[PDB]
Structures are given as C-alpha cells and as structure tokens.
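Asks: Just one file: structure35.cif, with mmCIF, N, CA and C atoms and all ligand atoms.
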data_data
loop_
_atom_site.label_atom_id
_atom_site.label_comp_id
_atom_site.auth_asym_id
_atom_site.auth_seq_id
_atom_site.Cartn_x
_atom_site.Cartn_y
_atom_site.Cartn_z
N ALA T 1 114.34 89.67 75.91
CA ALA T 1 113.26 89.92 76.85
C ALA T 1 113.35 91.32 77.47
N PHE T 2 112.17 91.91 77.70
CA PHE T 2 112.08 93.04 78.60
C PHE T 2 111.66 92.51 79.97
N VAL T 3 111.85 93.31 80.99
CA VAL T 3 111.74 92.93 82.38
C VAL T 3 111.07 94.01 83.22
N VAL T 4 110.11 93.59 84.03
CA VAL T 4 109.45 94.50 84.97
C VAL T 4 110.25 94.55 86.27
N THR T 5 110.58 95.74 86.74
CA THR T 5 111.42 95.93 87.92
C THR T 5 110.66 96.58 89.06
N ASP T 6 111.32 97.00 90.13
CA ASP T 6 110.87 97.33 91.45
C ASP T 6 109.68 98.28 91.45
N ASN T 7 109.71 99.36 90.69
CA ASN T 7 108.72 100.43 90.80
C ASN T 7 107.32 99.99 90.42
N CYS T 8 107.15 98.86 89.75
CA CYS T 8 105.77 98.43 89.44
C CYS T 8 105.01 98.10 90.72
N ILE T 9 105.70 97.46 91.64
CA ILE T 9 105.14 96.93 92.89
C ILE T 9 104.34 97.97 93.64
N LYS T 10 103.10 97.63 93.97
CA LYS T 10 102.16 98.53 94.62
C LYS T 10 101.75 99.70 93.73
N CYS T 11 102.15 99.64 92.46
CA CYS T 11 101.62 100.60 91.50
C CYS T 11 100.76 99.89 90.45
N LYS T 12 101.36 99.01 89.67
CA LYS T 12 100.66 98.08 88.79
C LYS T 12 99.65 98.79 87.91
N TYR T 13 100.11 99.81 87.19
CA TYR T 13 99.26 100.60 86.31
C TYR T 13 98.58 99.80 85.21
N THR T 14 99.26 98.83 84.65
CA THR T 14 98.84 97.90 83.62
C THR T 14 98.61 98.58 82.28
N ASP T 15 99.26 99.73 82.11
CA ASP T 15 99.29 100.38 80.81
C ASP T 15 100.07 99.55 79.78
N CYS T 16 101.09 98.88 80.28
CA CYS T 16 102.03 98.12 79.47
C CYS T 16 101.37 97.05 78.63
N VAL T 17 100.38 96.35 79.18
CA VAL T 17 99.78 95.23 78.48
C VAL T 17 99.01 95.64 77.23
N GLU T 18 98.49 96.87 77.24
CA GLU T 18 97.69 97.38 76.13
C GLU T 18 98.49 97.47 74.84
N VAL T 19 99.80 97.68 74.88
CA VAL T 19 100.59 97.76 73.66
C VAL T 19 101.26 96.43 73.33
N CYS T 20 101.21 95.44 74.22
CA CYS T 20 101.93 94.20 73.94
C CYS T 20 101.30 93.37 72.85
N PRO T 21 102.03 93.21 71.74
CA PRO T 21 101.46 92.48 70.61
C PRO T 21 101.31 90.97 70.81
N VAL T 22 102.13 90.38 71.67
CA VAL T 22 102.20 88.96 71.97
C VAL T 22 101.58 88.56 73.30
N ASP T 23 101.03 89.50 74.06
CA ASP T 23 100.32 89.17 75.29
C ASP T 23 101.21 88.37 76.24
N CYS T 24 102.42 88.84 76.54
CA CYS T 24 103.32 88.07 77.41
C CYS T 24 103.50 88.66 78.80
N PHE T 25 102.48 89.37 79.28
CA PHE T 25 102.35 89.83 80.65
C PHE T 25 101.54 88.88 81.53
N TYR T 26 102.08 88.63 82.72
CA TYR T 26 101.47 87.74 83.72
C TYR T 26 101.31 88.47 85.05
N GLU T 27 100.16 88.28 85.67
CA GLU T 27 99.63 89.06 86.76
C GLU T 27 99.70 88.48 88.16
N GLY T 28 100.31 89.25 89.06
CA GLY T 28 100.32 89.01 90.47
C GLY T 28 99.44 90.04 91.16
N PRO T 29 99.15 89.81 92.43
CA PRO T 29 98.30 90.73 93.17
C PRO T 29 98.80 92.16 93.13
N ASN T 30 100.10 92.43 93.20
CA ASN T 30 100.51 93.84 93.22
C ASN T 30 101.70 94.13 92.32
N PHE T 31 101.84 93.39 91.23
CA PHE T 31 103.01 93.38 90.35
C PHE T 31 102.72 92.58 89.08
N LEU T 32 103.32 92.96 87.96
CA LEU T 32 103.27 92.27 86.69
C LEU T 32 104.66 91.80 86.29
N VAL T 33 104.70 90.71 85.53
CA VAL T 33 105.96 90.26 84.99
C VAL T 33 105.81 89.93 83.50
N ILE T 34 106.98 89.87 82.86
CA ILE T 34 107.04 89.54 81.43
C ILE T 34 107.69 88.17 81.30
N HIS T 35 107.02 87.33 80.54
CA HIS T 35 107.54 86.02 80.16
C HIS T 35 108.64 86.14 79.11
N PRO T 36 109.85 85.78 79.51
CA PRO T 36 111.01 86.01 78.66
C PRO T 36 111.03 85.17 77.41
N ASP T 37 110.46 83.97 77.43
CA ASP T 37 110.39 83.19 76.19
C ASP T 37 109.35 83.68 75.20
N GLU T 38 108.39 84.46 75.66
CA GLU T 38 107.26 84.91 74.88
C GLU T 38 107.53 86.31 74.30
N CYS T 39 108.08 87.21 75.09
CA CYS T 39 108.45 88.56 74.71
C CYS T 39 109.26 88.57 73.41
N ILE T 40 108.93 89.45 72.47
CA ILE T 40 109.65 89.52 71.21
C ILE T 40 110.53 90.77 71.16
N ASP T 41 110.72 91.36 72.34
CA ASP T 41 111.55 92.54 72.47
C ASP T 41 111.17 93.66 71.51
N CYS T 42 109.89 93.86 71.23
CA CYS T 42 109.45 94.99 70.45
C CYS T 42 109.65 96.34 71.13
N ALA T 43 109.90 96.35 72.43
CA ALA T 43 110.21 97.53 73.21
C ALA T 43 109.02 98.47 73.36
N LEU T 44 107.85 98.02 72.89
CA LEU T 44 106.72 98.93 72.92
C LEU T 44 106.22 99.31 74.30
N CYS T 45 106.37 98.42 75.28
CA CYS T 45 105.85 98.65 76.62
C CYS T 45 106.71 99.61 77.43
N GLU T 46 107.99 99.68 77.12
CA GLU T 46 108.93 100.49 77.91
C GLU T 46 108.46 101.93 78.05
N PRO T 47 108.08 102.61 76.97
CA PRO T 47 107.63 104.00 77.14
C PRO T 47 106.23 104.13 77.71
N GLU T 48 105.53 103.01 77.87
CA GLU T 48 104.13 103.10 78.29
C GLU T 48 104.00 103.10 79.80
N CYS T 49 105.01 102.57 80.50
CA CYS T 49 104.86 102.40 81.94
C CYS T 49 105.04 103.71 82.70
N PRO T 50 104.01 104.20 83.39
CA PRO T 50 104.16 105.44 84.16
C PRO T 50 105.23 105.36 85.25
N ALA T 51 105.43 104.14 85.73
CA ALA T 51 106.34 103.86 86.82
C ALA T 51 107.76 103.72 86.28
N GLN T 52 107.87 103.73 84.96
CA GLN T 52 109.14 103.51 84.28
C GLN T 52 109.86 102.29 84.81
N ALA T 53 109.08 101.27 85.15
CA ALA T 53 109.59 100.06 85.76
C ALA T 53 110.19 99.09 84.75
N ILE T 54 109.82 99.26 83.48
CA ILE T 54 110.23 98.25 82.49
C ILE T 54 111.56 98.64 81.83
N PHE T 55 112.46 97.68 81.72
CA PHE T 55 113.75 97.77 81.06
C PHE T 55 113.95 96.60 80.10
N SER T 56 114.71 96.85 79.04
CA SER T 56 115.40 95.81 78.30
C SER T 56 116.20 94.98 79.32
N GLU T 57 116.30 93.67 79.15
CA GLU T 57 117.04 92.88 80.13
C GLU T 57 118.46 93.40 80.27
N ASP T 58 119.01 93.76 79.11
CA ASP T 58 120.39 94.21 79.08
C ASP T 58 120.60 95.63 79.61
N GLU T 59 119.54 96.26 80.08
CA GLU T 59 119.59 97.61 80.66
C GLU T 59 119.05 97.66 82.08
N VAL T 60 118.67 96.49 82.61
CA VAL T 60 118.27 96.42 84.02
C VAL T 60 119.39 96.90 84.93
N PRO T 61 119.08 97.93 85.72
CA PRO T 61 120.04 98.44 86.70
C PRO T 61 120.64 97.32 87.53
N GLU T 62 121.92 97.49 87.84
CA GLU T 62 122.65 96.49 88.62
C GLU T 62 121.90 96.15 89.90
N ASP T 63 121.37 97.15 90.58
CA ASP T 63 120.70 96.95 91.86
C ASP T 63 119.30 96.38 91.72
N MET T 64 118.90 96.04 90.49
CA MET T 64 117.61 95.39 90.31
C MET T 64 117.75 94.14 89.45
N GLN T 65 118.96 93.60 89.36
CA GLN T 65 119.22 92.45 88.50
C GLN T 65 118.43 91.21 88.89
N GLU T 66 118.02 91.12 90.14
CA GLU T 66 117.27 89.97 90.65
C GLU T 66 115.93 89.89 89.94
N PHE T 67 115.49 91.04 89.43
CA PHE T 67 114.18 91.06 88.80
C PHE T 67 114.12 90.21 87.54
N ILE T 68 115.26 90.03 86.88
CA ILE T 68 115.31 89.28 85.63
C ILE T 68 114.80 87.85 85.85
N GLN T 69 115.45 87.10 86.73
CA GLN T 69 115.03 85.73 87.04
C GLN T 69 113.64 85.74 87.65
N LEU T 70 113.36 86.75 88.46
CA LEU T 70 112.05 86.77 89.13
C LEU T 70 110.92 86.86 88.11
N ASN T 71 111.14 87.62 87.04
CA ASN T 71 110.13 87.70 86.00
C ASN T 71 109.96 86.31 85.38
N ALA T 72 111.10 85.68 85.08
CA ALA T 72 111.05 84.38 84.42
C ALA T 72 110.37 83.32 85.28
N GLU T 73 110.59 83.42 86.59
CA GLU T 73 109.97 82.48 87.51
C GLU T 73 108.48 82.74 87.63
N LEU T 74 108.11 83.99 87.91
CA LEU T 74 106.69 84.22 88.15
C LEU T 74 105.86 84.08 86.89
N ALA T 75 106.55 84.26 85.75
CA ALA T 75 105.77 84.16 84.51
C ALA T 75 105.25 82.74 84.33
N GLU T 76 105.89 81.77 84.99
CA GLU T 76 105.47 80.38 84.88
C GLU T 76 104.25 80.04 85.74
N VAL T 77 103.93 80.86 86.74
CA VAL T 77 102.93 80.48 87.73
C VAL T 77 101.77 81.45 87.88
N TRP T 78 101.90 82.65 87.34
CA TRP T 78 100.85 83.67 87.39
C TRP T 78 99.99 83.61 86.14
N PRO T 79 98.76 84.11 86.27
CA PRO T 79 97.83 84.12 85.14
C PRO T 79 98.10 85.24 84.14
N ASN T 80 97.84 84.96 82.87
CA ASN T 80 98.03 85.96 81.84
C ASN T 80 97.11 87.15 82.11
N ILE T 81 97.62 88.34 81.85
CA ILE T 81 96.81 89.55 81.82
C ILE T 81 96.99 90.25 80.47
N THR T 82 95.88 90.53 79.80
CA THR T 82 95.93 91.08 78.45
C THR T 82 95.11 92.34 78.27
N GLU T 83 94.55 92.83 79.36
CA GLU T 83 93.66 93.98 79.38
C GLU T 83 94.04 94.90 80.54
N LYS T 84 94.09 96.18 80.25
CA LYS T 84 94.34 97.23 81.21
C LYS T 84 93.25 97.22 82.28
N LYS T 85 93.68 97.50 83.50
CA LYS T 85 92.77 97.67 84.61
C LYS T 85 93.15 98.93 85.38
N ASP T 86 92.26 99.26 86.31
CA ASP T 86 92.55 100.41 87.16
C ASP T 86 93.90 100.16 87.84
N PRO T 87 94.71 101.19 87.95
CA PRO T 87 95.92 101.08 88.77
C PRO T 87 95.53 100.81 90.22
N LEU T 88 96.45 100.21 90.96
CA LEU T 88 96.19 99.92 92.36
C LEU T 88 95.81 101.20 93.10
N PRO T 89 94.93 101.13 94.09
CA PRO T 89 94.43 102.36 94.72
C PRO T 89 95.45 103.35 95.23
N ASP T 90 96.58 102.97 95.84
CA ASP T 90 97.42 104.07 96.32
C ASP T 90 98.67 104.21 95.47
N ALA T 91 98.52 103.99 94.16
CA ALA T 91 99.67 103.87 93.29
C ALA T 91 100.54 105.12 93.31
N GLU T 92 99.88 106.28 93.27
CA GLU T 92 100.63 107.52 93.27
C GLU T 92 101.55 107.57 94.48
N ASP T 93 101.07 107.12 95.63
CA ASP T 93 101.84 107.07 96.89
C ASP T 93 103.07 106.17 96.79
N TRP T 94 103.02 105.07 96.05
CA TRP T 94 104.15 104.15 96.03
C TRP T 94 105.06 104.32 94.83
N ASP T 95 104.64 105.15 93.88
CA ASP T 95 105.46 105.39 92.70
C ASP T 95 106.73 106.15 93.04
N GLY T 96 107.90 105.51 92.90
CA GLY T 96 109.11 106.24 93.24
C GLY T 96 109.70 105.82 94.56
N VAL T 97 108.89 105.05 95.31
CA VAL T 97 109.43 104.51 96.54
C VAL T 97 110.30 103.30 96.17
N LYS T 98 111.51 103.33 96.72
CA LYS T 98 112.46 102.28 96.42
C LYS T 98 112.30 101.10 97.39
N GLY T 99 112.85 99.99 96.92
CA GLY T 99 112.97 98.76 97.66
C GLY T 99 111.63 98.11 97.91
N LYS T 100 110.72 98.31 96.96
CA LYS T 100 109.38 97.76 97.10
C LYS T 100 109.32 96.25 96.97
N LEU T 101 110.45 95.63 96.62
CA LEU T 101 110.48 94.17 96.53
C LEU T 101 110.06 93.52 97.84
N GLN T 102 110.32 94.23 98.94
CA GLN T 102 109.92 93.68 100.23
C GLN T 102 108.41 93.56 100.39
N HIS T 103 107.67 94.20 99.51
CA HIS T 103 106.22 94.23 99.53
C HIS T 103 105.63 93.30 98.49
N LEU T 104 106.47 92.67 97.67
CA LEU T 104 105.94 91.82 96.60
C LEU T 104 105.03 90.74 97.15
N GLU T 105 103.86 90.58 96.54
CA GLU T 105 102.91 89.55 96.92
C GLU T 105 102.81 88.44 95.89
N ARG T 106 102.88 87.20 96.36
CA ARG T 106 102.76 85.99 95.55
C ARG T 106 101.30 85.70 95.23
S1 LIG T 201 108.91 94.25 74.65
FE1 LIG T 201 107.08 93.96 73.35
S2 LIG T 201 106.69 91.76 73.46
FE2 LIG T 201 108.01 92.16 75.16
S3 LIG T 201 106.60 92.62 76.91
FE3 LIG T 201 107.09 94.60 76.00
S4 LIG T 201 105.45 94.92 74.60
FE4 LIG T 201 105.32 92.69 75.05
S1 LIG T 202 103.47 99.83 86.87
FE1 LIG T 202 103.62 97.62 86.29
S2 LIG T 202 101.62 96.94 85.56
FE2 LIG T 202 102.73 97.70 83.73
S3 LIG T 202 102.32 99.93 83.26
FE3 LIG T 202 104.14 99.68 84.73
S4 LIG T 202 104.91 97.59 84.48
#
How would this structure read if it were set down as structure tokens?
Replies:
Amino acid sequence: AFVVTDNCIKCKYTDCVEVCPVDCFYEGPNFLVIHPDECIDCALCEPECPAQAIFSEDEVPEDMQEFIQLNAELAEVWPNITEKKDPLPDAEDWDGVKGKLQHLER
C-alpha cells in the first residue's frame, strides 16, 4: 500500500486520483486516503502529489506513522473519489505547514 500523510490536509489537490489505475482513493472534506487492500502499489501517484504527501507504506516518516492505520480506517467509511477536482481554496497557504493532523475533518 501507499499512504497519504499530513501535508494533504487542507491542500487536497486530488492530482493523485487521476493516475490511479484501481481507483483506491477515498474522500474526506479536507483530506484523501488510500485503501490499503485495493492499492496495487504501482507507485504512480507518489510523483503526482504537489504536496508530496504520498509515501510507500514502508517509507512513511517515523513522525507520520499514524497515517498508515488512519488511511486504512478512513478508507472504510469515506466515499470513493475517482476524478480530479479543484484544490481546496487556500491550499497554497497550507502546503508545507506541519502538524495539520489537528485540522483533519471527518
Ligand atoms: S500506488 Fe497505484 S494503486 Fe496505489 S493509490 Fe497510488 S496510484 Fe493507486
Ligand atoms: S494533496 Fe492529497 S488529494 Fe492527492 S494530489 Fe496530494 S494526496
């Protein structure tokens, strides 16, 4: 599985879904996650994310390890997203801001 980490939050560019061959992205109000059972680890989305939020599970930074389970959990309850949309309005402002997990919306 690949995993969406902190920097997506309040950015949510949704560039990543456009290259996903298996459509395993699931949508929250201000964040996307990858369904780990669905992901085929093609790695195609990693270079697509402007926020550079996506990692191979085995390359998730130690300080963002919580994101792994969080992706798996939210992927069970959020709706599939398979089409790019406008990035969130103040995305440029939040890109690069750390600890955005405190802003995650269910
Ligand atoms: S690694 Fe491939 S299959 Fe998994 S989320 Fe990214 S694009 Fe989709
Ligand atoms: S900001 Fe999030 S919505 Fe996709 S293109 Fe990056 S993981």
Asks: Once 3 Å is added on each side, what are the centre and the three edge lengths, in Å to one decimal, of the axis-aligned box enclosing the listed atoms of ligand LIG 202 (chain T)? Present them as lines of an AutoDock Vina configuration file.
Replies:
center_x = 103.3
center_y = 98.4
center_z = 85.1
size_x = 9.3
size_y = 9.0
size_z = 9.6
Asks: DSSP on the backbone, then: every residue of range 26-100 of chain T marked alpha helix (DSSP H), written as a ChimeraX atom specification.
Replies: /T:66-74,91-94
Asks: Could you list, as JSON, numbers by chain, all protein and nucleic acid residues with an atom at most 7 Å from ligand LIG 202 (chain T), counting only C-alpha atoms and all ligand atoms?
Replies: {"T": [4, 7, 8, 9, 11, 12, 13, 14, 15, 16, 17, 31, 32, 48, 49, 50, 51, 52, 53, 54]}
Asks: List every residue of chain T that has an atom at most 7 Å from any atom of ligand LIG 201 (chain T), and for each one report the closest atom pair and its distance in Å to one decimal, counting all atoms listed in the file, with rows sorted by chain and then by increasing residue number, as CSV.
Replies:
residue,atom,partner,partner_atom,distance
T:1,C,T:LIG201,FE2,5.9
T:2,N,T:LIG201,FE2,4.9
T:3,N,T:LIG201,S3,6.7
T:16,C,T:LIG201,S4,6.1
T:17,CA,T:LIG201,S4,6.9
T:19,C,T:LIG201,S4,4.6
T:20,CA,T:LIG201,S4,3.7
T:21,N,T:LIG201,FE4,4.7
T:22,N,T:LIG201,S2,5.1
T:23,N,T:LIG201,FE4,5.4
T:24,N,T:LIG201,FE4,5.0
T:25,N,T:LIG201,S3,5.8
T:34,CA,T:LIG201,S3,5.5
T:35,N,T:LIG201,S3,6.4
T:38,C,T:LIG201,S2,5.6
T:39,CA,T:LIG201,FE2,3.7
T:40,N,T:LIG201,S2,3.4
T:41,CA,T:LIG201,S1,3.8
T:42,N,T:LIG201,FE1,3.5
T:43,N,T:LIG201,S1,3.2
T:44,N,T:LIG201,FE1,4.2
T:45,N,T:LIG201,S4,3.7
T:46,N,T:LIG201,FE3,5.3
Asks: One decimal, Å: what's the distance from CA of residue 27 in chain T over to CA of residue 61 in chain T, could you say?
Replies: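 Here the two named atoms are 22.5 Å from each other.
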Asks: Run DSSP on the backbone of this structure and report the residues of chain T it assigns to strand (DSSP E), as a list in words.
Replies: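 Filtering chain T down to strand (DSSP E) leaves residues 2, 3, 4, 25, 26, 27, 28, 31, 32, 33, 34, 54, 55 and 56 of chain T.
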Asks: CA of residue 5 in chain T to CA of residue 82 in chain T: how many Å, to one decimal?
Replies: 18.8 Å
Asks: Measuring atom to atom with only N, CA and C atoms, identify which of T:91, T:97, T:68, T:74 is nearest to residue 28 in chain T.
Replies: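 That would be T:74, the residue with the smallest distance to residue 28 in chain T.
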Asks: So what do you get for atom N of residue 30 in chain T versus atom C of residue 104 in chain T, distance-wise?
Replies: 6.5 Å
Asks: For residue 94 in chain T, which residue among T:37, T:81, T:10, T:66 is the nearest when counting only N, CA and C atoms?
Replies: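 Of all the options, T:10 lies closest to residue 94 in chain T.
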Asks: With distances taken over only N, CA and C atoms, which residue among T:26, T:56, T:18, T:95 lies nearest residue 77 in chain T?
Replies: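 For residue 77 in chain T, the nearest of the candidates is T:26.
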Asks: Smallest atom-to-atom distance to residue 70 in chain T: which of T:33, T:6, T:88, T:57, using only N, CA and C atoms?
Replies: T:33
